[PDB]
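One structure is given below, encoded as structure tokens.
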Ligand SMILES: CO[C@H]1O[C@H](CO)[C@@H](O)[C@H](O)[C@H]1O
Ligand SMILES: CO[C@H]1O[C@H](CO)[C@@H](O)[C@H](O)[C@H]1O
Ligand SMILES: CO[C@H]1O[C@H](CO)[C@@H](O)[C@H](O)[C@H]1O
Ligand SMILES: CO[C@H]1O[C@H](CO)[C@@H](O)[C@H](O)[C@H]1O
Ligand SMILES: [Ca+2]
Ligand SMILES: [Ca+2]
Ligand SMILES: [Ca+2]
Ligand SMILES: [Ca+2]
Ligand SMILES: [Mn+2]
Ligand SMILES: [Mn+2]
Ligand SMILES: [Mn+2]
Ligand SMILES: [Mn+2]
């Protein structure tokens with residue numbers, strides 16, 4: 001099984017699996033049943049921004065999602081990631097559709113990770129920024145239905161030539177290099193991620209969502225994870 | 001005026017104004033009587049590192065002070081800086097000596113503040129890093145007894161040619177440009193500061209401390225702030 | 001007299017002062033008569049980008065100006081800036097109008113300067129990024145007619161409430177802190193600047209241009225520098 | 001295949017394959033016979049720094065190698081990397097020993113590449129910084145005899161437990177993620193690399209050198225590349 005820590009932007013309430021009865025953002029620690037959720041006023045067809053931050057001193061994972069001239073939704077959860085994740089991890093973006101569907105377009109993604117060790121002036125850092133995706137983006141491992149390059153964007157799920165999102169799709173984009181997210185002798189370890197997205201549905205209920213995730217480096221899409229499982233979990237427990 | 005938020009590295013216990021009876025690190029929100037403290041095992045004559053972090057989503061000001069392969073001291077306090085500080089501030093380093101003394105040497109100092117406002121990708125940022133200070137450090141406002149260029153370092157308090165710290169000294173170094181640390185339409189505002197210091201005392205009785213502070217842009221050393229007031233407060237209330 | 005090194009985006013050919021007979025970009029070392037110029041196809045009413053770069057190893061000052069889906073114009077000049085400029089300098093943007101006029105709007109500006117000294121891991125750095133300007137931008141010294149905050153933009157020259165650029169205007173925006181652009185013991189000193197602009201004229205010939213400049217820290221707009229002198233030079237020699 | 005661009009720090013003169021008869025630094029464009037060299041006063045047993053820079057506007061690859069307060073060696077060569085390299089590359093460090101030997105220790109390594117494309121503000125960037133290497137450095141591909149974690153450093157060639165370098169050794173360390181160093185619609189593409197090394201030889205006769213290189217992503221050490229071929233070339237043509 002993979003170890004997944006994710007920040008989900010869930011557009012479809014699967015009441016039967018623990019979702020709140022509204023679009024929401026949530027912190028998922030190894031289960032799709034979010035440990036904390038916040039009401040999110042998703043704006044169909046508009047470009048939004050999600051900011052995710054964590055540092056080993058506060059041990060608080062927080063995320064803010066906003067649309068220009070709208071209020072933000074923010075959710076935080078106290079978690080000591082050194083007890084949940086392996087030392088080396090891969091980071092990525094995941095999305096899915098099921099009966100209902102929506103485009104899960106990523107227009108930009110940036111990430112920064114820093115390990116500041118005990119003997120200062122011994123920081124290790126990794127930062128990558130994507131403001132354009134190209135047709136053959138060799139630094140991204142694309143899984144499932146994910147593709148790059150259409151209008152210089154990353155399409156996490158299948159969308160037809162005429163712009164229509166397809167149902168029962170699931171895809172993930174993971175950055176190629178392993179990330180050292182924590183290490184025993186660091187006095188401060190922190191990371192921040194930011195991505196802009198465009199979710200638009202034709203049908204009355206967009207589904208299923210987008211998630212920022214951190215996993216074991218060899219993670220792959222689980223069998224049966226389309227729909228409500230966001231291409232992250234094998235079951236809904 | 002002046003409004004001060006400071007992270008103090010207090011080496012002398014002034015139990016009459018609320019200090020614990022041991023060297024400590026504390027978060028000072030407009031008063032020398034720290035809102036939160038943590039015991040600090042100050043190592044006389046060794047170079048240590050202080051890391052200060054804050055972000056408006058968590059509204060938690062945290063500081064870590066370590067020495068190469070020694071345990072670190074950490075202190076955190078929940079505070080919404082938008083309700084304490086002006087929008088525009090100046091950041092700096094302060095130090096003082098009283099009847100007892102020590103060298104308050106700064107070997108490097110860096111700071112970073114970022115404001116990610118409402119609109120997709122509209123970020124404002126400021127970053128400066130000094131790993132060596134020159135005799136004519138034009139981008140620093142030196143107040144009191146602070147000098148630069150002695151061995152490529154910043155001396156916040158008076159030291160004599162022979163390397164001996166003087167009593168009743170106070171000095172502060174402020175970065176020249178005003179900093180926008182908060183703004184009403186920012187989705188996320190955050191800052192990080194790091195500095196390495198060397199506190200050395202001829203006898204085993206150092207006083208008074210070093211402090212990283214954020215103040216109104218027009219701040220100047222208050223009268224009588226040597227000693228226990230760290231060059232920061234006018235009184236001990 | 002001030003010492004000015006500038007990269008001009010000149011929209012009006014003042015043939016009588018040495019300009020080429022077309023819009024052009026040029027490297028100005030202490031004189032408005034550019035040491036090198038390149039033909040520039042200015043696109044009225046479109047947002048463009050200028051990138052300026054220099055490093056002490058190559059001692060080449062280069063600038064590229066482009067508009068999306070258009071060819072860029074680039075100009076380079078070999079100059080050892082340590083022999084032209086003071087060690088400490090202020091950097092800014094300047095613009096002017098004369099009989100003919102245009103808006104000289106800056107939508108974003110970012111700058112990075114680094115001094116890497118001999119004993120490595122002793123780099124000094126300064127970076128600031130502005131993607132939004134506010135009504136009271138305290139970290140910018142505005143000179144002449146320059147104002148900030150209209151649509152979160154920096155207007156270097158006067159433009160009426162109804163959006164009309166005015167003639168005989170000149171204004172400059174300089175970053176507040178002095179910049180150390182070179183120093184005797186650095187093994188590498190480099191800087192890069194980037195700004196996006198929107199120049200639109202109602203009249204048949206926009207004038208006069210925008211310039212990125214580096215000057216002595218106390219520089220002020222010279223008397224008679226509106227029009228063709230870009231608010232940078234006292235005469236046209 | 002393989003296509004190699006490298007900056008070599010050559011400590012042993014192989015006058016038969018074109019080396020000057022002194023230790024030198026050189027720019028190698030697909031051949032060990034450097035296109036340009038500069039004399040290097042290699043200081044046995046001291047830690048030195050190498051800085052490599054390149055930007056597509058000037059199309060000039062420059063390198064500076066210095067030692068604390070000693071004169072630096074500089075070498076520059078005009079080359080359009082878009083005509084030599086694939087779009088996607090891997091960057092790494094290489095070293096070898098032959099009949100004579102030395103330690104080829106890397107103490108820190110950082111790299112930064114940025115692509116500023118046509119559209120206002122659409123920049124892609126990659127930055128990694130290693131100031132300490134762990135035994136399990138998962139984001140580095142180690143080829144040959146290179147190992148990490150010995151004292152927090154990268155040993156590119158074989159050293160014995162007692163600190164003695166071995167002959168006929170070759171090893172390379174490549175950053176895990178492919179790097180986009182050039183792209184057809186980029187207005188500006190640039191990269192900077194810095195690394196600190198320590199070359200120590202038991203006798204006063206070190207060989208063979210260390211080299212920073214950029215290659216096709218699938219590059220592996222060529223057969224017989226120990227010694228003078230620096231683990232980079234198959235032959236000496
Ligand atoms: C009706 O159920 C189907 O569609 C929804 C919405 O798309 C998914 O959440 C769910 O997994 C799938 O089984
Ligand atoms: C005994 O007092 C004096 O010396 C101590 C230590 O320097 C200071 O804290 C104090 O303000 C000053 O009055
Ligand atoms: C016709 O001349 C006037 O207008 C032009 C264009 O605006 C300026 O360059 C010049 O300085 C001013 O004297
Ligand atoms: C005399 O030769 C041997 O040793 C030298 C120095 O190590 C290498 O350059 C060379 O390739 C190898 O053949
Ligand atoms: Ca759901
Ligand atoms: Ca005290
Ligand atoms: Ca002109
Ligand atoms: Ca050789
Ligand atoms: Mn959910
Ligand atoms: Mn105290
Ligand atoms: Mn001109
Ligand atoms: Mn050679």
**Item:** Principal semi-axes in Å for the range A:37-106 [√(5λ), Cα gyration tensor, largest first]
**Value:** 26, 17, 11
**Taking all pairs of distinct alpha-carbon atoms in the range B:92-227, Kirkwood radius in angstrom** = 16.0 Å
**Asked** If you take all C-alpha pairs in the protein assembly as shown, what percent of them are over 43 Å apart?
**Response** 38 percent
**Request:** Could you let me know the centre-to-centre spacing of the range B:161-237 and the range D:159-237, using Cα atoms, in angstrom?
**Result:** 46 Å
**Fill in**
Output for the range C:118-165 (equivalent-ellipsoid semi-axes, sqrt of 5λ from the C-alpha gyration tensor, Å, descending) is 34, 11, 9
**Prompt:** Which value in nm describes the separation of the simple spin-label points at residue C:82 and residue D:185, placed 7 Å from the Cα toward the beta carbon?
**Reply:** 4.2 nm
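Give me a single rounded figure for A:111-121: the average over its residues of other chain Cβ atoms within 10 Å of their Cβ. Provide the component values of the computation, followed by the final result.
Details: counts 0, 1, 1, 2, 5, 7, 7, 8, 9, 14, 11.
Mean shielding by partner chains, rounded to a whole number: 6.
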**Prompt:** Chain B: which residue's Cβ hugs the B-to-D rotation axis most tightly, distance rounded to whole Å?
**Reply:** B:121, 3
**Request:** Please report the relative contact order for chain A, taking Cα pairs under 8 Å with a sequence separation of at least 6, and give it as a percent rounded to a whole number.
**Result:** 29 percent
**Prompt:** What FRET efficiency comes out for the pair residue B:235/residue C:3, r = Cβ-Cβ distance, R0 = 56 Å, nearest 0.05?
**Reply:** 0.70
**Message:** If you consider only alpha-carbon coordinates, what radius of gyration and Dmax does the range B:1-123 have, in Å?
**Reply:** 15.9, 55
**Item:** Inter-chain Cβ neighbour average for residues C:128-137, partner chain, 10 Å
**Value:** 6
**Complete:** Looks like the range A:185-237, by Cα gyration tensor root eigenvalues a ≥ b ≥ c and the a/c under 1.5 rounded cutoff (else prolate when a/b is bigger than b/c, oblate otherwise), is oblate
**Prompt:** Under a point spin-label approximation (7 Å from Cα along Cα-to-Cβ), what is the residue A:151-residue A:70 distance to one decimal in nm?
**Reply:** 1.7 nm
**Prompt:** Anyone know which of A:138, A:101, A:39 comes out most mobile in the 10 Å Cα GNM of chain A?
**Reply:** A:138
**Message:** Averaged over its residues, how many other protein chain Cβ atoms are within 10 Å of peptide D:190-197's Cβ atoms?
**Reply:** 2
**Message:** Can you order the peptides D:158-164, A:61-67 by their average number of other Cβ atoms within 10 Å per residue, highest first?
**Reply:** A:61-67, D:158-164
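With the Cα gyration tensor of chain C giving a ≥ b ≥ c as the square roots of its eigenvalues, does the rule (a/c under 1.5 for rounded; else a/b larger than b/c for prolate; else oblate) give rounded, prolate or oblate? It would help to have the intermediate numbers written out before the result.
Values: a/c = 1.65, a/b = 1.41, b/c = 1.17.
Verdict is prolate for chain C.
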**Message:** I need to check one value: relative contact order of the range A:65-151, counting alpha carbon pairs closer than 8 Å and at least 6 residues apart, in percent.
**Reply:** 16 percent
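FYI the Cβ positions are ideal-geometry reconstructions off the backbone, even for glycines, and counts take in every protein chain you see. Here, each number is a calculation from the coordinates, and none is a lab measurement.
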